[PDB]
Amino acid sequence: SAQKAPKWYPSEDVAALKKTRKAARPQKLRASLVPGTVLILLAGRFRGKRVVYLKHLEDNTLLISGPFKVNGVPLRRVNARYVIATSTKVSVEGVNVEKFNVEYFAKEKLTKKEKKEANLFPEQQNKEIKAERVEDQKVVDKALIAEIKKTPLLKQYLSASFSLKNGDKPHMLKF
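Per PDB author numbering, residue 2 is the first one in the sequence shown, and the count goes up by one each step.
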């Protein structure tokens, strides 16, 4: 009537995908990314903060901590291409971060409904850090700070933020 029907029709079946020869491999880090290395954060709310590199995790990110008591940065994950590895180090020989992993830092599957509600009434959000997480931070900080105290200006260094100044040339500057 309105349009002549086709003599044949394309199949609705979807062809199976071919075997993909792309096996996974471990993340290779830069030579300077060695646990204890103080890192400069280049992204996120903690941009400009200095943190101690504690442990590479399963998702290819790095586990870091300010320490929190030292400069406000909590134990958390950070993507390695957003950090500057400095020559300053904090020993992590007495720091046990083996209990921390990707699942530990996984977030709750917030639903769309809940997201909408949060957007509608953000003032009703009452986030709270798990008691465990608080105590975990205390342990990590304790160990790191004990080592930090060996250098009289190190705690101050970590407390201070990082920012480029007029005349600075990052491609010539060393860390």
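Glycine residues also receive a C-beta, built at the ideal position from the N, C-alpha and C atoms.
Q: With a 10 Å radius around its C-beta and 16 neighbouring C-beta atoms as the bar for buried, classify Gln138 as buried or exposed.
A: buried
Q: Please say whether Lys70 and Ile146 have beta carbons closer to each other than 8 Å?
A: yes
Q) In terms of residues, what are the limits of the beta strand (DSSP E) holding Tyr54? A) Residues 51 to 57.
Q: Run the CB neighbour count on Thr112, radius 10 Å, all protein chains shown included, and call it buried at 16 or more, exposed below.
A: exposed
Q) Any idea what DSSP makes of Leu155, helix, strand or coil? A) The answer is helix: DSSP assigns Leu155 an H, G or I state.
**Q.** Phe106 versus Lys131, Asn97, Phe163, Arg31, residue with shortest Cα-Cα distance
**A.** The option with the nearest alpha carbon to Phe106 is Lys131.
Q: Could you check what DSSP says for residue 243 in three-state terms: helix, strand or coil?
A: In the structure as shown, the chain starts at 2 and stops at 176, and residue 243 therefore has no counterpart that could be examined.
Q. Quick one: what's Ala86 bridged to in DSSP?
A. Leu40
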